[PDB]
>>> print(open('target.pdb').read())   # PDB, C-alpha atoms
ATOM      1  CA  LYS A   1      -2.162  -9.735  11.402  1.00  0.00           C
ATOM      2  CA  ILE A   2      -4.218  -7.170   9.445  1.00  0.00           C
ATOM      3  CA  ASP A   3      -4.953  -6.716   5.721  1.00  0.00           C
ATOM      4  CA  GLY A   4      -6.003  -3.734   3.569  1.00  0.00           C
ATOM      5  CA  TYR A   5      -4.537  -1.088   1.227  1.00  0.00           C
ATOM      6  CA  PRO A   6      -1.238   0.227   2.588  1.00  0.00           C
ATOM      7  CA  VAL A   7       0.047   3.563   1.220  1.00  0.00           C
ATOM      8  CA  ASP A   8       3.543   5.098   0.990  1.00  0.00           C
ATOM      9  CA  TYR A   9       3.963   8.199   3.191  1.00  0.00           C
ATOM     10  CA  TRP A  10       1.950  11.128   1.776  1.00  0.00           C
ATOM     11  CA  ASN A  11      -0.570   9.083  -0.255  1.00  0.00           C
ATOM     12  CA  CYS A  12       0.959  10.869  -3.269  1.00  0.00           C
ATOM     13  CA  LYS A  13       0.930   7.493  -5.063  1.00  0.00           C
ATOM     14  CA  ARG A  14      -2.844   6.896  -4.905  1.00  0.00           C
ATOM     15  CA  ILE A  15      -2.043   4.528  -2.003  1.00  0.00           C
ATOM     16  CA  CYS A  16      -0.302   2.358  -4.636  1.00  0.00           C
ATOM     17  CA  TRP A  17       3.187   3.020  -6.046  1.00  0.00           C
ATOM     18  CA  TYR A  18       2.914   1.658  -9.624  1.00  0.00           C
ATOM     19  CA  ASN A  19       4.339  -1.810 -10.336  1.00  0.00           C
ATOM     20  CA  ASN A  20       2.900  -4.925  -8.651  1.00  0.00           C
ATOM     21  CA  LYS A  21       5.998  -5.975  -6.673  1.00  0.00           C
ATOM     22  CA  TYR A  22       6.801  -2.273  -6.148  1.00  0.00           C
ATOM     23  CA  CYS A  23       4.301  -2.381  -3.256  1.00  0.00           C
ATOM     24  CA  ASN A  24       5.250  -5.878  -2.025  1.00  0.00           C
ATOM     25  CA  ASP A  25       8.783  -4.825  -1.000  1.00  0.00           C
ATOM     26  CA  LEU A  26       7.457  -1.838   0.978  1.00  0.00           C
ATOM     27  CA  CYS A  27       4.553  -3.889   2.356  1.00  0.00           C
ATOM     28  CA  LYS A  28       7.040  -6.554   3.490  1.00  0.00           C
ATOM     29  CA  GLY A  29       8.735  -3.822   5.542  1.00  0.00           C
ATOM     30  CA  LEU A  30       5.449  -3.640   7.461  1.00  0.00           C
ATOM     31  CA  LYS A  31       5.502  -7.454   7.788  1.00  0.00           C
ATOM     32  CA  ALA A  32       2.970  -7.728   4.933  1.00  0.00           C
ATOM     33  CA  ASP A  33       4.597 -10.619   3.025  1.00  0.00           C
ATOM     34  CA  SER A  34       1.655 -10.944   0.611  1.00  0.00           C
ATOM     35  CA  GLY A  35       1.688  -7.352  -0.692  1.00  0.00           C
ATOM     36  CA  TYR A  36       0.608  -6.575  -4.276  1.00  0.00           C
ATOM     37  CA  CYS A  37      -0.811  -3.452  -5.971  1.00  0.00           C
ATOM     38  CA  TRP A  38      -3.906  -3.617  -8.212  1.00  0.00           C
ATOM     39  CA  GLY A  39      -2.679  -2.265 -11.569  1.00  0.00           C
ATOM     40  CA  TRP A  40      -6.066  -0.648 -12.274  1.00  0.00           C
ATOM     41  CA  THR A  41      -7.567   1.552  -9.541  1.00  0.00           C
ATOM     42  CA  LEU A  42      -7.706  -0.360  -6.232  1.00  0.00           C
ATOM     43  CA  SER A  43      -4.609   1.102  -4.537  1.00  0.00           C
ATOM     44  CA  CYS A  44      -2.169  -1.342  -2.908  1.00  0.00           C
ATOM     45  CA  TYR A  45      -3.371  -4.512  -1.144  1.00  0.00           C
ATOM     46  CA  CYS A  46      -1.164  -6.326   1.400  1.00  0.00           C
ATOM     47  CA  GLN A  47      -2.090  -8.781   4.183  1.00  0.00           C
ATOM     48  CA  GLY A  48      -0.041  -9.904   7.209  1.00  0.00           C
ATOM     49  CA  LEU A  49       0.936  -6.484   8.610  1.00  0.00           C
ATOM     50  CA  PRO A  50       0.724  -5.267  12.216  1.00  0.00           C
ATOM     51  CA  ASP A  51      -2.462  -3.597  13.510  1.00  0.00           C
ATOM     52  CA  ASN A  52      -0.459  -0.354  13.319  1.00  0.00           C
ATOM     53  CA  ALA A  53       0.109  -0.799   9.564  1.00  0.00           C
ATOM     54  CA  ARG A  54      -0.159   2.453   7.570  1.00  0.00           C
ATOM     55  CA  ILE A  55      -3.165   1.833   5.277  1.00  0.00           C
ATOM     56  CA  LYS A  56      -6.193   3.933   4.249  1.00  0.00           C
ATOM     57  CA  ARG A  57      -4.667   7.017   5.915  1.00  0.00           C
ATOM     58  CA  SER A  58      -6.694   9.363   3.686  1.00  0.00           C
ATOM     59  CA  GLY A  59      -5.280  12.807   2.816  1.00  0.00           C
ATOM     60  CA  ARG A  60      -4.235  14.098  -0.626  1.00  0.00           C
ATOM     61  CA  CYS A  61      -0.614  13.888  -1.833  1.00  0.00           C
ATOM     62  CA  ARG A  62       1.132  15.263   1.280  1.00  0.00           C
ATOM     63  CA  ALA A  63       4.315  16.117  -0.662  1.00  0.00           C
TER      64      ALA A  63
END
>>> encode(input="target.pdb", output="structure tokens")
Amino acid sequence: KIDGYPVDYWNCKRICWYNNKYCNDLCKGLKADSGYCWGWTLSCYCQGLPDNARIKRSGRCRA
């Protein structure tokens, strides 16, 4: 059970896709039921994912 800012795959989306629920569906895939993106500049923010969740991976748009 971990919480933080999960990204997509190459961090090409500033660690946050775009819409609010747009990150909840992907976060839910990582078991992060409560997953919402800050529509401002705080990247995505989901809680309830595994310790191996992919968040704060750093690295510029890898794609």
>>> residues_around(input="target.pdb", residues="residue 1 (chain A)", least_positions_apart="6", cutoff="9 Å", atoms="only C-alpha atoms", output="PyMOL selection string")
chain A and resi 31-32+47-51
>>> residues_around(input="target.pdb", residues="region 11-25 of chain A", least_positions_apart="4", cutoff="7 Å", atoms="only C-alpha atoms", output="mmCIF file with C-alpha atoms, in the coordinates of the input")
data_model
loop_
_atom_site.group_PDB
_atom_site.id
_atom_site.type_symbol
_atom_site.label_atom_id
_atom_site.label_comp_id
_atom_site.auth_asym_id
_atom_site.auth_seq_id
_atom_site.Cartn_x
_atom_site.Cartn_y
_atom_site.Cartn_z
ATOM 1 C CA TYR A 5 -4.537 -1.088 1.227
ATOM 2 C CA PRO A 6 -1.238 0.227 2.588
ATOM 3 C CA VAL A 7 0.047 3.563 1.220
ATOM 4 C CA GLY A 29 8.735 -3.822 5.542
ATOM 5 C CA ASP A 33 4.597 -10.619 3.025
ATOM 6 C CA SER A 34 1.655 -10.944 0.611
ATOM 7 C CA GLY A 35 1.688 -7.352 -0.692
ATOM 8 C CA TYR A 36 0.608 -6.575 -4.276
ATOM 9 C CA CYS A 37 -0.811 -3.452 -5.971
ATOM 10 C CA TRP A 38 -3.906 -3.617 -8.212
ATOM 11 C CA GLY A 39 -2.679 -2.265 -11.569
ATOM 12 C CA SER A 43 -4.609 1.102 -4.537
ATOM 13 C CA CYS A 44 -2.169 -1.342 -2.908
ATOM 14 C CA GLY A 59 -5.280 12.807 2.816
ATOM 15 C CA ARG A 60 -4.235 14.098 -0.626
ATOM 16 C CA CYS A 61 -0.614 13.888 -1.833
ATOM 17 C CA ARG A 62 1.132 15.263 1.280
ATOM 18 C CA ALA A 63 4.315 16.117 -0.662
#
>>> atom_distance(input="target.pdb", atom1="CA of residue 4 (chain A)", atom2="CA of residue 46 (chain A)")
5.9 Å
>>> atom_distance(input="target.pdb", atom1="CA of residue 30 (chain A)", atom2="CA of residue 10 (chain A)")
16.2 Å
>>> axis_aligned_box(input="target.pdb", around="region 8-22 of chain A", padding_each_side="6 Å", output="lines of an AutoDock Vina configuration file")
center_x = 2.0
center_y = 2.6
center_z = -3.6
size_x = 21.6
size_y = 29.1
size_z = 25.5
>>> build_atoms(input="target.pdb", residues="region 30-60 of chain A", atoms="N, CA and C atoms", output="PDB file, in the frame of the given file")
ATOM      1  N   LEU A  30       6.484  -3.700   6.394  1.00  0.00           N
ATOM      2  CA  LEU A  30       5.449  -3.640   7.461  1.00  0.00           C
ATOM      3  C   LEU A  30       5.017  -5.061   7.825  1.00  0.00           C
ATOM      4  N   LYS A  31       5.828  -6.028   7.482  1.00  0.00           N
ATOM      5  CA  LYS A  31       5.502  -7.454   7.788  1.00  0.00           C
ATOM      6  C   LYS A  31       4.380  -7.967   6.881  1.00  0.00           C
ATOM      7  N   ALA A  32       4.055  -7.253   5.837  1.00  0.00           N
ATOM      8  CA  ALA A  32       2.970  -7.728   4.933  1.00  0.00           C
ATOM      9  C   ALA A  32       3.565  -8.560   3.792  1.00  0.00           C
ATOM     10  N   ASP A  33       3.999  -9.756   4.085  1.00  0.00           N
ATOM     11  CA  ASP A  33       4.597 -10.619   3.025  1.00  0.00           C
ATOM     12  C   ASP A  33       3.757 -10.557   1.749  1.00  0.00           C
ATOM     13  N   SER A  34       2.528 -10.978   1.821  1.00  0.00           N
ATOM     14  CA  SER A  34       1.655 -10.944   0.611  1.00  0.00           C
ATOM     15  C   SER A  34       1.228  -9.504   0.314  1.00  0.00           C
ATOM     16  N   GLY A  35       2.049  -8.761  -0.377  1.00  0.00           N
ATOM     17  CA  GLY A  35       1.688  -7.352  -0.692  1.00  0.00           C
ATOM     18  C   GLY A  35       1.742  -7.123  -2.203  1.00  0.00           C
ATOM     19  N   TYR A  36       0.624  -6.819  -2.804  1.00  0.00           N
ATOM     20  CA  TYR A  36       0.608  -6.575  -4.276  1.00  0.00           C
ATOM     21  C   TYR A  36      -0.298  -5.384  -4.597  1.00  0.00           C
ATOM     22  N   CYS A  37       0.028  -4.634  -5.614  1.00  0.00           N
ATOM     23  CA  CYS A  37      -0.811  -3.452  -5.971  1.00  0.00           C
ATOM     24  C   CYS A  37      -1.737  -3.787  -7.143  1.00  0.00           C
ATOM     25  N   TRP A  38      -2.960  -3.330  -7.096  1.00  0.00           N
ATOM     26  CA  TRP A  38      -3.906  -3.617  -8.212  1.00  0.00           C
ATOM     27  C   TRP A  38      -3.629  -2.663  -9.378  1.00  0.00           C
ATOM     28  N   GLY A  39      -2.992  -3.145 -10.409  1.00  0.00           N
ATOM     29  CA  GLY A  39      -2.679  -2.265 -11.569  1.00  0.00           C
ATOM     30  C   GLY A  39      -3.966  -1.851 -12.282  1.00  0.00           C
ATOM     31  N   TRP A  40      -4.801  -1.094 -11.626  1.00  0.00           N
ATOM     32  CA  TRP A  40      -6.066  -0.648 -12.274  1.00  0.00           C
ATOM     33  C   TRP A  40      -6.619   0.576 -11.546  1.00  0.00           C
ATOM     34  N   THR A  41      -7.019   0.405 -10.319  1.00  0.00           N
ATOM     35  CA  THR A  41      -7.567   1.552  -9.541  1.00  0.00           C
ATOM     36  C   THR A  41      -8.016   1.075  -8.158  1.00  0.00           C
ATOM     37  N   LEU A  42      -7.308   0.143  -7.579  1.00  0.00           N
ATOM     38  CA  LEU A  42      -7.706  -0.360  -6.232  1.00  0.00           C
ATOM     39  C   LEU A  42      -6.592  -0.103  -5.213  1.00  0.00           C
ATOM     40  N   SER A  43      -5.709   0.815  -5.496  1.00  0.00           N
ATOM     41  CA  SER A  43      -4.609   1.102  -4.537  1.00  0.00           C
ATOM     42  C   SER A  43      -3.831  -0.178  -4.227  1.00  0.00           C
ATOM     43  N   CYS A  44      -2.960  -0.130  -3.260  1.00  0.00           N
ATOM     44  CA  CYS A  44      -2.169  -1.342  -2.908  1.00  0.00           C
ATOM     45  C   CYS A  44      -3.011  -2.298  -2.062  1.00  0.00           C
ATOM     46  N   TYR A  45      -2.597  -3.531  -1.957  1.00  0.00           N
ATOM     47  CA  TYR A  45      -3.371  -4.512  -1.144  1.00  0.00           C
ATOM     48  C   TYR A  45      -2.420  -5.534  -0.515  1.00  0.00           C
ATOM     49  N   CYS A  46      -2.089  -5.362   0.736  1.00  0.00           N
ATOM     50  CA  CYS A  46      -1.164  -6.326   1.400  1.00  0.00           C
ATOM     51  C   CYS A  46      -1.822  -6.924   2.648  1.00  0.00           C
ATOM     52  N   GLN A  47      -1.489  -8.143   2.975  1.00  0.00           N
ATOM     53  CA  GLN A  47      -2.090  -8.781   4.183  1.00  0.00           C
ATOM     54  C   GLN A  47      -0.989  -9.417   5.036  1.00  0.00           C
ATOM     55  N   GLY A  48      -1.087  -9.305   6.332  1.00  0.00           N
ATOM     56  CA  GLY A  48      -0.041  -9.904   7.209  1.00  0.00           C
ATOM     57  C   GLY A  48       0.756  -8.788   7.884  1.00  0.00           C
ATOM     58  N   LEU A  49       0.203  -7.609   7.950  1.00  0.00           N
ATOM     59  CA  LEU A  49       0.936  -6.484   8.610  1.00  0.00           C
ATOM     60  C   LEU A  49       0.414  -6.298  10.039  1.00  0.00           C
ATOM     61  N   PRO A  50       1.122  -5.514  10.805  1.00  0.00           N
ATOM     62  CA  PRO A  50       0.724  -5.267  12.216  1.00  0.00           C
ATOM     63  C   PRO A  50      -0.542  -4.408  12.276  1.00  0.00           C
ATOM     64  N   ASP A  51      -1.222  -4.416  13.390  1.00  0.00           N
ATOM     65  CA  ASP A  51      -2.462  -3.597  13.510  1.00  0.00           C
ATOM     66  C   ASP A  51      -2.119  -2.116  13.346  1.00  0.00           C
ATOM     67  N   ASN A  52      -0.867  -1.777  13.473  1.00  0.00           N
ATOM     68  CA  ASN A  52      -0.459  -0.354  13.319  1.00  0.00           C
ATOM     69  C   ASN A  52      -0.002  -0.094  11.883  1.00  0.00           C
ATOM     70  N   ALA A  53      -0.310  -0.991  10.983  1.00  0.00           N
ATOM     71  CA  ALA A  53       0.109  -0.799   9.564  1.00  0.00           C
ATOM     72  C   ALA A  53      -0.414   0.538   9.034  1.00  0.00           C
ATOM     73  N   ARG A  54       0.300   1.147   8.126  1.00  0.00           N
ATOM     74  CA  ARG A  54      -0.159   2.453   7.570  1.00  0.00           C
ATOM     75  C   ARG A  54      -1.002   2.227   6.311  1.00  0.00           C
ATOM     76  N   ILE A  55      -2.288   2.051   6.467  1.00  0.00           N
ATOM     77  CA  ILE A  55      -3.165   1.833   5.277  1.00  0.00           C
ATOM     78  C   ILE A  55      -4.392   2.747   5.356  1.00  0.00           C
ATOM     79  N   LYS A  56      -4.993   3.048   4.237  1.00  0.00           N
ATOM     80  CA  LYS A  56      -6.193   3.933   4.249  1.00  0.00           C
ATOM     81  C   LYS A  56      -5.979   5.106   5.209  1.00  0.00           C
ATOM     82  N   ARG A  57      -4.931   5.859   5.015  1.00  0.00           N
ATOM     83  CA  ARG A  57      -4.667   7.017   5.915  1.00  0.00           C
ATOM     84  C   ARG A  57      -5.382   8.267   5.398  1.00  0.00           C
ATOM     85  N   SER A  58      -5.981   8.180   4.246  1.00  0.00           N
ATOM     86  CA  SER A  58      -6.694   9.363   3.686  1.00  0.00           C
ATOM     87  C   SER A  58      -5.733  10.548   3.565  1.00  0.00           C
ATOM     88  N   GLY A  59      -6.170  11.620   2.964  1.00  0.00           N
ATOM     89  CA  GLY A  59      -5.280  12.807   2.816  1.00  0.00           C
ATOM     90  C   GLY A  59      -4.719  12.850   1.394  1.00  0.00           C
ATOM     91  N   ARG A  60      -4.765  13.992   0.763  1.00  0.00           N
ATOM     92  CA  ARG A  60      -4.235  14.098  -0.626  1.00  0.00           C
ATOM     93  C   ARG A  60      -2.706  14.019  -0.617  1.00  0.00           C
TER      94      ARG A  60
END
